[PDB]
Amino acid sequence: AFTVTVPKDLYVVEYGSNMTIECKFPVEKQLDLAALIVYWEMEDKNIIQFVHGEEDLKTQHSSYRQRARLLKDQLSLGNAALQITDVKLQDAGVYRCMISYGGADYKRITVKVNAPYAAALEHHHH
């Protein structure tokens, strides 16, 4: 049946760098954007929600506006790639990619953030 896959179920990224998290789903010939739903989430916070060709910004969590982007070029290749810029320790956790495209599936991804002591200390105080 319709199956979402990830080339990587674990990412280890460096504090302050950018990460792109990949999420593949089958596309026959070309994408029908009006049939597509892409839901990126991270432990119960909505990061991105792409419904039938355009994103719903009313539900996006404030922490991810201005840092999260759905690479819509990769959408047509069947790759719902999430890009987070300026990765912080609070971005460590479990991510879920959910696609509805004539069928529905989801996959989990775990992000670990390596950080130097100064950055961990500031996060530690908050």
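Each residue number is its position in the shown sequence, starting from 1.
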item: Which of 33 to 41 and 50 to 58 has higher mean CA B factor, as the PDB entry lists it; value: 50 to 58
item: Of 24 to 32 and 71 to 79, the one with larger mean CA B-factor; value: 24 to 32
item: Third of chain Cα B-factors occupied by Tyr95; value: lowest
item: Relative C-alpha B-factor of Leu121, binned into the chain's lowest, middle or highest third; value: middle
